[PDB]
Amino acid sequence: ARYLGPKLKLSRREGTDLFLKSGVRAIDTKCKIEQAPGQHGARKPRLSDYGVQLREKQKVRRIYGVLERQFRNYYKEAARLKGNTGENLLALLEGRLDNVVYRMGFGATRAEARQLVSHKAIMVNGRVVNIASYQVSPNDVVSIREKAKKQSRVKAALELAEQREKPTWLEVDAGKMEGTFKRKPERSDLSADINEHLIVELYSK
Amino acid sequence: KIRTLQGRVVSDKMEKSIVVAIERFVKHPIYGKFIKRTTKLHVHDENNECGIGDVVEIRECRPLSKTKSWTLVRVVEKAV
Amino acid sequence: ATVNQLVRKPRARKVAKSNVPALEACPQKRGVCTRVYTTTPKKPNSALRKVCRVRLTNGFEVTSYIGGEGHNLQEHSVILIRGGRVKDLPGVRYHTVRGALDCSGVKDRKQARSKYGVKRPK
Amino acid sequence: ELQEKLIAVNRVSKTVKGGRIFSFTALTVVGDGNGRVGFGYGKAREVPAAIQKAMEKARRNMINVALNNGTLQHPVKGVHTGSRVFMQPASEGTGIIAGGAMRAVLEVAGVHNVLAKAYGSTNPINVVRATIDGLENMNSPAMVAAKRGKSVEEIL
Amino acid sequence: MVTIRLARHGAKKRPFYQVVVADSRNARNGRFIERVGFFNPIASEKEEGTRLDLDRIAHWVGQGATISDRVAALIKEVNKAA
Amino acid sequence: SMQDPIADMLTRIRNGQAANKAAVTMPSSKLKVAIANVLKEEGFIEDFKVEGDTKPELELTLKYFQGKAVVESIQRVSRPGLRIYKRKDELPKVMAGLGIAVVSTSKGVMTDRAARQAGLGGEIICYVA
RNA sequence: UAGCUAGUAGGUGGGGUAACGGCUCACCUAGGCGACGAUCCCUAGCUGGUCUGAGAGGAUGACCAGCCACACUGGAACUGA
RNA sequence: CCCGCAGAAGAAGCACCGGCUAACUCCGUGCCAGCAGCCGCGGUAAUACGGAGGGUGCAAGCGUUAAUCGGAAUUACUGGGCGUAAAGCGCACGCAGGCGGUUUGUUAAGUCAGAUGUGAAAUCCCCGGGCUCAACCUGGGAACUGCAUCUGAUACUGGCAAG
Ligand SMILES: [Mg+2]
Ligand SMILES: [Mg+2]
Ligand SMILES: [Mg+2]
Ligand SMILES: [Mg+2]
Ligand SMILES: [Mg+2]
Ligand SMILES: [Mg+2]
Ligand SMILES: [Mg+2]
Ligand SMILES: [Mg+2]
Ligand SMILES: [Mg+2]
Ligand SMILES: [Mg+2]
Ligand SMILES: [Mg+2]
Ligand SMILES: [Mg+2]
Ligand SMILES: [Mg+2]
Ligand SMILES: [Mg+2]
Ligand SMILES: [Mg+2]
Ligand SMILES: [Mg+2]
Ligand SMILES: [Mg+2]
Ligand SMILES: [Mg+2]
Ligand SMILES: [Mg+2]
Ligand SMILES: [Mg+2]
Ligand SMILES: [Mg+2]
Ligand SMILES: [Mg+2]
Ligand SMILES: [Mg+2]
Ligand SMILES: [Mg+2]
Ligand SMILES: [Mg+2]
Ligand SMILES: [Mg+2]
Ligand SMILES: [Mg+2]
Ligand SMILES: [Mg+2]
Ligand SMILES: [Mg+2]
Ligand SMILES: [Mg+2]
Ligand SMILES: [Mg+2]
Ligand SMILES: [Mg+2]
C-alpha cells in the first residue's frame, strides 16, 4: 500500500525534485538528477501525448505518496465537487493529513510525516488521528503529542521546515508544536510546476 | 360529471350488446409519430337502441358478462 | 428509414454470435482429451503446433491449443479449457490452461509464470 | 502569439521505373489564441523540410473566428468531404473535450471550453478542414444583430 | 392489527431504528403503512438521535393502533425531554 | 401532390436567398401570412405583400446585408409525416438563441422567445438562423 | 405460425358465490376474437431498481424492498376470519 | 477503545517493455522451439520466442478467461444510407394504410396551460450529521421525465357543416 523503493530513483525518472529527501544535502550530490534511472537513462525519447500526461500524473502521485486507486478516487471526488477539477484535486491532496503535517514541519519528508501519523504522534483537535488520508478541515488544530514531543526527529524536522518556504494556509507554533489549518490552499497558492490539466485529461480520456 | 368514453359502434348483432371501437390518437414511444390506436369494447345496451356506425357514449360498470363491463349512457350522431 | 416504415417494421439489433460457444458463457470448462496431435500453421508461419481435440463436460467436441514448451498430455487426460484462438490454426478457438488438473505447469519458466501455471522459484 | 503544433506526419509513396519514391507530408496548425487559426499541409522528401513548408503555409491563409469568452458562440456542425464534425460550447472549466486533430485545431485557435465529436471519417486533414470551416462560419451576436437590423439587446 | 414498532436499519453493531406504522403480520423490515419517526441508540451527544412525529402517532393510536413497548418508552422519553 | 405548403414556402425562401432573387412569390394562405409576419418582425425578410382576391399571391421581399443572404438556414421541423409539439420547458433555442423558432401556440403564431415569455408551447413549425 | 372458438359470444330464467360474472345449468339468438397479429411455437417470474451511456437508448432483474407463483409428481377438498 | 512491554523486529508480489501502449539491452535458439487482443514476429547479428540485467504499470493484490454497455453515427427517434462501394420491386393498376390545396363557422379528439391526486421505502443526486478517515450508516431536500381527473386556450392537426 506504500512505495518502499528508491526515492531518488523516482525523482530521476520524473525529472524534478520530489522532495523525497530531507533537503540537507543537495539532490545533485545525492544522484545524477538529470539522467533518468537505469541502463538507458542517457536517452530522452520523444514523448507521446499520453506519455506526457502519464508522467505528470506519476509526478504528482509520487510527490504525495498516493497509490492509484486512492488517487483515482480523489480525482472522482474532485470532479464531483463544484469548480475546477484539477484545482479541486490539488486541494484534496494538500488537505491530506500527512501532507499538512509535512507542511507544518513535523517531519523532514512526507514519508517521515506519514510514519509519525501512523505511529500515533499527531492529534487533530486534541484527538489522536491515525489515518494519513484523513482530510484536515479549515480551522483545525494539529499538534504533536508529548511522547512524540521529545523526539529529536521532530525538532530536526522543525529546523529544516524553518529553512523551507513557509505555507500561507497554515499557522504553526514551533514551541507548542501545534499548527492551525486555517484554509484549504488556492491554486495560485500551490506550486506552478504542477500541470493539473494533464491529469484531468488523462482521467477523462 | 361521470367518467365516460365515446366511440363508433363496430357491431350490434349480439342481443342487448354492441361492440364499440374507441380509437385514441396516441404518439409513438420512439419515433414520435402519432398513431391511431383502437380499443374494442363489448358494451351493454338494453332495448337494442344502437345501430351500426353509430357514435355512442359509454361508462364503466360492474361486469355484466364474461366480456361485457361497459354500459351505454347516450347515443349521438345516430344517422344512417 | 421513413418514420412510417420504422413504425411498421422497427430496426433490428445486430445479434452478434459468440466466438467461443463451447464455453457457453462459462469462463472455463473441463474436458477429456480425445486426441493429442500437432498441426501446421497458416501461410505466413511454419511450426508444429500442439493441439488436442477435447470432449467437454457439456457434450461439445472442440479443438484446444496447448501453449508453452512441452506438455505431459495424452489421451484420457482431464484438462481445463479457456477462451482464445490461435489465429494461425484454422478453427482452433480455445486454449488449454497450463497449471490446471491433468495439465502440468511449464518446466523451468521464470517469466509469465502466472500465465503458465509455474510456481515461484526460490 | 502564434502557437503552432503538428497534427500528423504521414509517409506517401510514388512509383517510378526504378522503384518507389517516398516522401513525407506534414499537417500543421497555427493560431494566435485570440480567434485566428490556420492549417497548412506541406510535402517534402524529408520530415523537417515538410514541417517547415507546412508551417509557412499555415502561417499564411489564417482565418478569424468569433469567440465568446474563450468558448464557442453557438453549437456548430461542419463538414468536409468525409469528415462531419460537431462542436458545442461548454461551461468554464470543462476543458477541450475533443479528438486528436480537433483538439489541436481548437487549442491553437484559442477555445478553452468545448465539447466536440468527429463523426464520419476521422482522416486528420479532412477533419481539420471541417473544424476550421465550422469555426469560420460560426457568427456572433453582433453579427446577427447587424444582419437582422436590430440591436444586440433585442436579440440577446 | 396495525402497530407502531421499530424497524432495524444501519450497520452491524450500529443499529438505527426507523419508527414505522405497519400491519403486525408483515416482517420487521418489510411492508409498512407509514414511517413516523426514527431512533438512534448509539447517537452521541450534540446529536438528536430520537425523533417521533407525535401527532401522526396520536392519529394512528386513535385509529386503533397498538404500540411496541420500546416505542412507548421512546414516546415517554420525548415527552419528558420536551 | 403538394403536401406541405409551409415547407414549400420555406424552400422557396431558401432557394431565393441562394439564387439572389429579390422577391419570392407563392400562393397565399393565412398560416403562411402569419409565418411571414413573424419573419418580418424578427427581421429575416424585408417585407411581405398579399395581392389578389380570388386566388391571392403572397410576395415576400427577401433581405441581403453584405451581398449574402440574411436567412442563413431555414428548416421545417413539424411536418405532415411527423408532427412536433413541445411544452414551454421543452421549447428549442435555435443557434443558441441567435436564430428564432416559429411556434404555433394557442395565442397565434409566434417566435419561441415570445411563446416562452407567454408561457405556452405548441407546434414547432420551423427553425430559422 | 392466418385463420381460431360450441360454454364458444350475447340474452332470458333457475342454481351457485362473501361478492359481480357462462361461475354453472336449461332454452333462445348466431354470435365472438383476428393483419392495431387472433391461434400456434419458442423463451421468461414482474417491478422499484442495477450496470453502461452526454443523452436517447442498450443490457439486466444476484443482494435489499413491493407483487406473484410453487412446496417430491398429479388431483381433491376439509377445518378456518 | 485506552495504557504498558520489547525490538526493524513478523509482513511484496503480479503483469508488461515492436506499434496501438508507459517501459531496451545482452545472451541462447535459427520459419525450429515458441509468441499473439489486432497488425504481426522467429529461416544464424530477434528491443516481438526463452533466460538474464535494466525499466514501466498496478500493488495485497496482479494477470488471464467469460459476460454486458461504451467507443459503434456499425439498425442511424436523437443520428446513416441506395448511379458506380451492400441497397430502387422489370413495369403498372389498386384495397387496407400513410399524407392532404384554399375560406368561414363549429367542436375540442391530438396539442398547449393551470390545479388536484398519485408516482411505496430503499436506491441516484444536493446540503448536513455519526463511526479516528474512508467504505458504511444516517437527517432533510431534490428527483421519480409517468399516469389519472377537473378547469381553461383554439394557432396548428383531426372531426362536422357550408363554400
Ligand atoms: Mg487497498
Ligand atoms: Mg447470426
Ligand atoms: Mg512467419
Ligand atoms: Mg344468472
Ligand atoms: Mg339468481
Ligand atoms: Mg423458467
Ligand atoms: Mg419463474
Ligand atoms: Mg452514444
Ligand atoms: Mg437466488
Ligand atoms: Mg397458492
Ligand atoms: Mg403445498
Ligand atoms: Mg427435492
Ligand atoms: Mg398435491
Ligand atoms: Mg381461525
Ligand atoms: Mg369453512
Ligand atoms: Mg512507447
Ligand atoms: Mg509475452
Ligand atoms: Mg547462434
Ligand atoms: Mg542473438
Ligand atoms: Mg511484442
Ligand atoms: Mg522477450
Ligand atoms: Mg449505437
Ligand atoms: Mg453508411
Ligand atoms: Mg451495386
Ligand atoms: Mg427502375
Ligand atoms: Mg389542410
Ligand atoms: Mg384522412
Ligand atoms: Mg383536449
Ligand atoms: Mg422513492
Ligand atoms: Mg463526517
Ligand atoms: Mg380547429
Ligand atoms: Mg379545422
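About the cut-offs
- The residue numbering used throughout counts from 1 along each chain in the order its sequence is written. It may not match the entry numbering, and residues with no coordinates are not shown.
- Following the order in which they are written, the chains are lettered starting with A and the ligands numbered starting with 1.
- Any value quoted here refers to the chains shown, not to the larger assembly they are part of.
- In computing side-chain properties, one takes all heavy atoms of the structure into account and sets aside hydrogens as well as water.
- A contact between two residues is defined here by any heavy atoms of the two lying within 4.5 Å.
- Put simply, buried area is the surface a 1.4 Å probe can reach on two separate parts but cannot reach once they are joined, added for both.
- Between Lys or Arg on one side and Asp or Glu on the other, a salt bridge is scored when a side-chain nitrogen of the former is within 4 Å of a carboxyl oxygen of the latter.
- N or O atoms closer than or at 3.5 Å make up a polar contact, with two conditions inside protein: a donor-capable atom paired with an acceptor-capable one, and, for residues adjacent in sequence, both atoms drawn from side chains.
- Here a helix means four or more residues in a row that DSSP labels H or I, a strand means two or more in a row labelled E, and each is numbered from the N terminus.
- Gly falls in the polar group here, along with every residue not listed as nonpolar (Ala, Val, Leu, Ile, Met, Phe, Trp, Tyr, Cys, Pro) or charged (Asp, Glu, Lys, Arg).
- Think of each axis as a best-fit line through the C-alpha atoms, taken over the contacting stretch in the case of a helix, with angles from 0 to 180 degrees between the N-to-C directions.
- Roughly parallel covers angles under 35 degrees, roughly antiparallel covers those over 145, roughly perpendicular covers 65 to 115, and oblique covers all other angles.
- UniProt positions are given in the numbering used here, feature names are shortened, and annotations may be inferred rather than shown by experiment.
- Partly exposed describes any residue whose relative accessible area lies between the buried limit of under 20% and the exposed limit of over 50%, with all areas from a 1.4 Å probe on protein chains only and scaled to the type maximum.
- Note on pairing: DSSP must find at least two bridges between two strands before they are called paired.
- Centre distance within 6.5 Å is the pairing criterion for rings of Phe, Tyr and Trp, where only the six-membered ring of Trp is used; planes under 30 degrees apart are then read as stacked, over 60 as edge-to-face, and the remainder as tilted.
- Here a helix's expected span is defined as the number of its residues, less one, multiplied by 1.5 Å.
- Note that the arc is computed from the directions linking the helix axis to the C-beta atoms.
- Nearness of a residue to a molecule or strand requires only that one of the residue's heavy atoms be within 4 Å of it.
- Patch membership requires more than 30% relative accessible area and the absence of a salt bridge. Residues of like charge join within 9 Å; the nonpolar side chains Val, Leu, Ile, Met, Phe, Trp and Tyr join within 5 Å.
- Reported accessibility uses the Shrake-Rupley method at a 1.4 Å probe radius. Residues are deemed covered only where the shown protein chains occlude them.
- A residue counts as positive if it is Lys or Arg and as negative if it is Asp or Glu; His and the chain ends are not included.
- Here the site of a charge means NZ on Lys, CZ on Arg, CG on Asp, or CD on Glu.
- Only buried residues count toward a nonpolar core, which is a set of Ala, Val, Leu, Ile, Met, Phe, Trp, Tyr and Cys residues joined through side-chain atoms within 4.5 Å.

1. Points about the interface of chain D and chain F
Item 1. Each partner contributes residues to the interface: chain D has 16 residues there, and chain F has 14 residues.
Item 2. Among the residues of chain D in contact with chain F, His74, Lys147 and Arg148 of chain D are the three that bury the most area, contributing 49% of the side total.
Item 3. If you look at where chain D meets chain F, you find two salt bridges.
Item 4. A salt bridge links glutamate 42 of chain F to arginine 148 of chain D; the nearest nitrogen and oxygen atoms lie 2.8 Å apart.
Item 5. Counting across the interface, chain D meets chain F through six residue pairs in polar contact.
Item 6. Every element with two or more residues in the side of chain D that touches chain F is listed here: α4 (141-148) and α5 (152-155) of chain D.
Item 7. When residues in the side of chain D that touches chain F are grouped by element, the largest group, five residues, is from α4 of chain D.
Item 8. Tallied by class, residues from the side of chain D that touches chain F come to six nonpolar, six polar and four charged.

2. Describing the packing of helix α5 (residues 85-95) of chain A against helix α6 (residues 97-104) of chain A
Residue and element names in this part refer to chain A.
Item 1. The contact between α5 and α6 brings their axes to 5 Å, and the two run at 70°. It follows from the interaxial angle that α5 and α6 lie roughly perpendicular. On α6, the residues touching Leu93, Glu94 and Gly95 of α5 are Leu97, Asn99, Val100 and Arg103.
Item 2. Here the contact of α5 with α6 is composed, by residue class, of three nonpolar, two polar and two charged.

3. Section: the UniProt feature "binding site: Mg(2+)" (unreviewed entry) in chain C
All names here are of chain C.
Item 1. UniProt annotation of "binding site: Mg(2+)" (unreviewed entry) refers to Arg30 when read in the numbering used here.
Item 2. Mapped onto the fold, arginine 30 is located in strand β1 (residues 28-39).
Item 3. Taking relative accessible area as the criterion, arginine 30 reaches 44% and is therefore assigned partly exposed.
Item 4. Excluding residues that lie within four positions of it along the chain, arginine 30 makes contacts with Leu56, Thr57, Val78, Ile79, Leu80 and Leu101.

4. Description of the sheet that holds strand β4 (residues 78-83) of chain C
Residue and element names in this part refer to chain C.
Item 1. Around the barrel, which closes on itself, the five strands sit in the order β1-β2-β3-β5-β4 with mixed pairing between neighbours. With direction set aside, neighbouring strand axes in the sheet form an average angle of 50°.
Item 2. By the bridge criterion, three bridges tie β4 to strand β5 (residues 94-96) in an arrangement that is antiparallel. Along β5, the bridge assignment pairs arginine 82 with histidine 95.

5. Some points on the packing of aromatic side chains
All names here are of chain A.
Item 1. Following the criterion strictly, the structure yields six aromatic pairs over all chains and no others.
Item 2. With 6.1 Å between their ring centres and 45° between their planes, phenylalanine 71 and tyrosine 203 make a pair best called tilted. With a gap of 132 residues between them, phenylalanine 71 in helix α4 (residues 68-80) and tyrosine 203 in the segment after α10 (196-202) connect regions that are remote in the sequence. Taken individually, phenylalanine 71 and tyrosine 203 each receive the classification buried, so the pair is uniform in this respect.

6. Brief notes about helix α2 (residues 69-81) of chain E
All names here are of chain E.
Item 1. Taking 1.5 Å of rise per residue, 13 residues should cover 18 Å, and α2 covers 18 Å from first to last C-alpha, within 8% of that figure.
Item 2. For α2, the complete set of buried residues consists of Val71, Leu74, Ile75 and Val78. Looking straight down α2, one finds its buried side chains confined to an arc of 100°; they lie on one side. The exposed set on the far side of α2, more than 90 degrees from its buried face, consists of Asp69, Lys76 and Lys80.
Item 3. Where α2 is buried, its residues meet β1 (2-11), β2 (14-23), β3 (34-39), β4 (50-52), α1 (54-63) and β5 (66-67).

7. Notes on the protein's contact with RNA strand H
Item 1. Of all residues adjacent to RNA strand H, which total 111 residues, the nearest are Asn4, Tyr65, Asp88, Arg109 and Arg113 of chain C.
Item 2. Here the atoms of RNA strand H within 4 Å of the protein split so that 76% fall in sugar or phosphate, with bases taking the remainder.
Item 3. The side chain of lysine 33 of chain B places a nitrogen or oxygen atom 3.3 Å from a sugar or linking oxygen of RNA strand H.
Item 4. Among the elements that make up the surface near RNA strand H, the one with the highest residue count is helix α3 (residues 49-64) of chain A (eight residues).
Item 5. A per-class count over the surface near RNA strand H returns 38 nonpolar, 30 polar and 43 charged.

8. Some points on the sheet that holds β4 of chain E
Residues and elements named next belong to chain E.
Item 1. What the five strands build is an open sheet, ordered β4-β3-β2-β1-β5; its pairing is mixed. Each having just a single partner strand, β4 and β5 make up the two edges of the open sheet.
Item 2. Sheet topology places β2 next to β3; five bridges connect them, and they run antiparallel. Of the residues in β3, the one forming a bridge with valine 19 is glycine 37.
Item 3. Lying over the sheet, α1 contacts β1, β2, β3, β4 and β5, oriented at roughly 130° with respect to β3.

9. A few points about a positive patch on the surface
All names here are of chain A.
Item 1. Judged by side-chain charge, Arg2, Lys7, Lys21, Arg25 and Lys30 come together as a positively charged surface patch.
Item 2. Of note, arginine 2 is situated in the segment before α1 (7-14).
Item 3. Using a relative accessible area of 43% as the deciding quantity, one classes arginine 2 as partly exposed.

10. What about the nonpolar core?
All names here are of chain D.
Item 1. Within the largest apolar cluster, 28 residues are counted, with the highest numbers of intra-cluster contacts made by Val37, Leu72, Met87, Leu106, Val128 and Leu135.
Item 2. Of all the elements in the fold, those that place two or more residues in this core are β2 (20-31), β3 (37-44), β5 (83-89), α2 (100-109), β7 (114-120) and α3 (124-137).
Item 3. Considering every element that reaches this core, the biggest residue donor is α2, with seven residues.
Item 4. Dropping the residues within four chain positions of it, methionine 87 is found in contact with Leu72, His74, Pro75, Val76, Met102, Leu106, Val114, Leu115, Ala116 and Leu135.

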